[PDB]
Amino acid sequence: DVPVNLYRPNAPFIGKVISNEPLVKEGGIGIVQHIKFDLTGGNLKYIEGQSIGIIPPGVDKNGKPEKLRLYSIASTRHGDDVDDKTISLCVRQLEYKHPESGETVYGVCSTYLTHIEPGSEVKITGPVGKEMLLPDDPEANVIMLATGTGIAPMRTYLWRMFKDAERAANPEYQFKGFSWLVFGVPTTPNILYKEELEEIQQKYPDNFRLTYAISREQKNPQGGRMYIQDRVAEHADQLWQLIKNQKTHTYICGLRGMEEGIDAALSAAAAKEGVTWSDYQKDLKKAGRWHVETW
Ligand SMILES: Cc1cc2nc3c(=O)[nH]c(=O)nc-3n(C[C@H](O)[C@H](O)[C@H](O)COP(=O)(O)OP(=O)(O)OC[C@H]3O[C@@H](n4cnc5c(N)ncnc54)[C@H](O)[C@@H]3O)c2cc1C
Ligand SMILES: NC(=O)c1ccc[n+]([C@@H]2O[C@H](COP(=O)([O-])OP(=O)(O)OC[C@H]3O[C@@H](n4cnc5c(N)ncnc54)[C@H](OP(=O)(O)O)[C@@H]3O)[C@@H](O)[C@H]2O)c1
């Protein structure tokens, strides 16, 4: 019964930004912001795993209106306020060099948001998606593989799982299963939510496992940069075993560049046990326990 598109892209909800706290601490790379909007009075309800769209002002080169962009929701259904009045996004300002002219180029909607001023009205659409929904089963297991801003939904799971206030507010959902987040980022200053993430590993040690793949501070066995799939291979067998359990849901959010690695590792660990991942997986997917959201 997931609520979808309570706001079409042609009648966006206009909400005021509440805060735009920065997530990349000194020294890290780029900019990644934690923007919280205020939905009060709009009836825009959503559930962990979904994502909303933001429509920047302006028009493109071709003179047409700037089409919306998606963004995984980073807050739970209650918002960081635990009052059902807000919603928050985890947004990295896009910034690259022109394939030919060297000129630095920033992204449109991403710079718009990363620099959005608290108190500014922002066009919001959605929520959409039913592929990253967290199972209601408190006894389920959650393996989470994400990179960069891909942590956004993982935050919405983890929070709804271990953040006290949430526990208090969600009597029906008192997590007891096992969760494991393999988080891929460039540097330590870039470990988005490092504070809370590592905090939850305190409160609930036997229920949350945080593995980091800090790409530019860690080298993998082959000499290369430590990426998610490397970690996923380091604890391959374990993961595989934890994946065979029928109460285990896996969630992947980030660059499809990982899918290849993750499949490679898991498929191998699945061979030692005479099993064909490519097919077993096809099932997890059909079963609805292989949630993948890449961009
Ligand atoms: C389901 C989904 C979830 C998402 N979740 C998040 C999230 O939580 N956080 C987040 O930031 N984004 C997320 N995004 C991405 C979001 O849609 C936008 O792509 C992003 O925020 C950039 O917006 P922009 O307007 O700055 O992009 P634009 O400025 O419009 O840039 C996009 C264009 O830039 C060009 N381009 C990009 N890089 C280069 C380069 N290296 N060299 C040459 N050309 C280049 C390409 O032509 C591309 O079409 C998500 C996307 C989807 C599909
Ligand atoms: N995070 C994402 O899932 C994602 C999604 C789409 C686009 N991007 C691009 O990167 C920016 C990401 O910013 P962000 O905060 O989302 O993420 P981020 O902070 O850049 O984190 C991305 C992480 O992904 C790692 N990575 C790079 N190539 C990979 C690959 N081949 N396979 C697996 N992991 C890989 C990176 O390693 P190195 O950087 O050290 O190579 C880095 O540690 C975007 O603006 C866009 O340019 C990222």
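About the thresholds
Residues numbered from 1 in each chain as written, not as in the entry; some residues may be left out. Chains lettered and ligands numbered in written order. Heavy atoms only, no water. Helix = DSSP H or I, 4+ residues; strand = E, 2+ residues; numbered from the N terminus. Rg over C-alpha atoms; globule rule 2.2 N^0.38 Å. Buried < 20%, exposed > 50% of the residue type's maximum accessible area, 1.4 Å probe, protein only. Contact = heavy atoms within 4.5 Å. Areas by Shrake-Rupley, 256 points an atom, 1.4 Å probe, with all protein chains shown as cover. UniProt positions renumbered as here; feature names shortened; annotations may be inferred. Pairing = 2+ DSSP bridges. Near = heavy atom within 4 Å. Polar contact = N/O pair within 3.5 Å; in protein donor to acceptor, adjacent residues only side chain to side chain. Core = buried A, V, L, I, M, F, W, Y, C linked by side-chain atoms within 4.5 Å. Domains from an automatic or database assignment.

Its PDB record attributes the structure to X-ray crystallography, giving the resolution as 3.00 Å.

## Some words on the overall build of the protein
Secondary structure summary: the protein contains eight helices and 13 strands in total. Here the C-alpha radius of gyration of the protein, 19 Å, is about what a compact globule of 295 residues would show, namely 19 Å. Principal axes of the C-alpha set define a box for the protein whose edges measure 55 × 55 × 35 Å. Across the 295 residues that make up the protein, the buried fraction comes to 51%. Put simply, 72% of the contacts in the protein that link residues at least 6 apart link residues at least 24 apart. Split by element, the accessible area of the protein, about 13900 Å² in all, is 51% carbon and sulfur.

## Brief notes about the UniProt feature "binding site: FAD" in the protein
Look at the UniProt record and you will see "binding site: FAD" annotated at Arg-69, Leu-70, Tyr-71, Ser-72, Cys-90, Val-91, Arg-92, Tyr-96, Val-108, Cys-109, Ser-110 and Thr-149. Looking at where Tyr-71 falls in the secondary structure, it is placed in strand 4 (residues 69-72). The class of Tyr-71 is buried, set by a relative accessible area of 13%. Inspection of the secondary structure assignment puts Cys-90 in strand 5 (residues 86-92). Those residues within four positions of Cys-90 in sequence are excluded, and the remaining contacts are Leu-23, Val-32, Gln-33, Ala-74, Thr-149, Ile-151, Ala-152, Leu-192 and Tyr-193.

## Quick look at the pairing of strand 5
Along strand 5, six of the seven residues are buried, which leaves the element largely enclosed by surrounding structure. By the bridge criterion, seven bridges tie strand 2 (residues 32-38) to strand 5 in an arrangement that is antiparallel. Looking across to strand 5, one finds that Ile-35 is bridged to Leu-89.

## Some words on the site of ligand 1
Taken together, 17 residues are adjacent to ligand 1, and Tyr-71, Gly-107, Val-108, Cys-109 and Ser-110 come closest. A distance of 3.3 Å separates a nitrogen atom of ligand 1 from a polar backbone atom of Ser-72. Here an oxygen atom of ligand 1 and a backbone polar atom of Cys-109 are 2.7 Å apart. Within the complex, 63% of the 980 Å² of free accessible area of ligand 1 lies under protein.

## A closer look at the nonpolar core
Counting residues in each nonpolar core, the largest one holds 35 residues, and the members touching the most others are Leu-158, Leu-181 and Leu-197. Of all the elements in the fold, those that place two or more residues in this core are strand 9 (141-147), helix 2 (151-162), strand 10 (179-185), helix 4 (194-203), strand 11 (208-214) and strand 12 (248-254). For this core, the element with the most residues is helix 2, which contributes eight residues. Each of two domains, domain 1 (1-128) and domain 2 (129-295), supplies a minimum of three residues to this core. The contacts of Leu-158, once residues within four sequence positions are left out, are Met-144, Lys-163, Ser-179, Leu-181, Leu-197, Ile-200 and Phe-208. Counting 24 residues, the second largest nonpolar core, distinct from the first, contains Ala-213, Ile-262, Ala-270 and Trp-290.

## Digging into the side chain of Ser-110
You can see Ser-110 is positioned in helix 1 (residues 108-114). For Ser-110, a relative accessible area of 8% translates into the label buried. A polar atom in the side chain of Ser-110 sits 3.1 Å from the backbone nitrogen of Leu-94. Non-local contacts of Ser-110, meaning those with residues more than four positions away in its chain, are made with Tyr-71, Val-91, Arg-92, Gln-93 and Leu-94.

## Section: the environment of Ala-268
Looking at the element boundaries, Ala-268 is found in helix 7 (residues 257-269). A relative accessible area of 42% means that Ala-268 is categorised as partly exposed. Separated by 32 residues in the primary sequence, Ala-268 and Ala-236 place their C-alpha atoms 8.3 Å from one another.

## What to know about the environment of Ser-267
Mapped onto the elements, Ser-267 comes out in helix 7. In this structure the C-alpha to C-alpha distance between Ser-267 and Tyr-280, which are 13 residues apart in sequence, comes to 9.4 Å. Every residue in contact with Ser-267, bar those within four places of it in the chain, is listed here: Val-275 and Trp-277.

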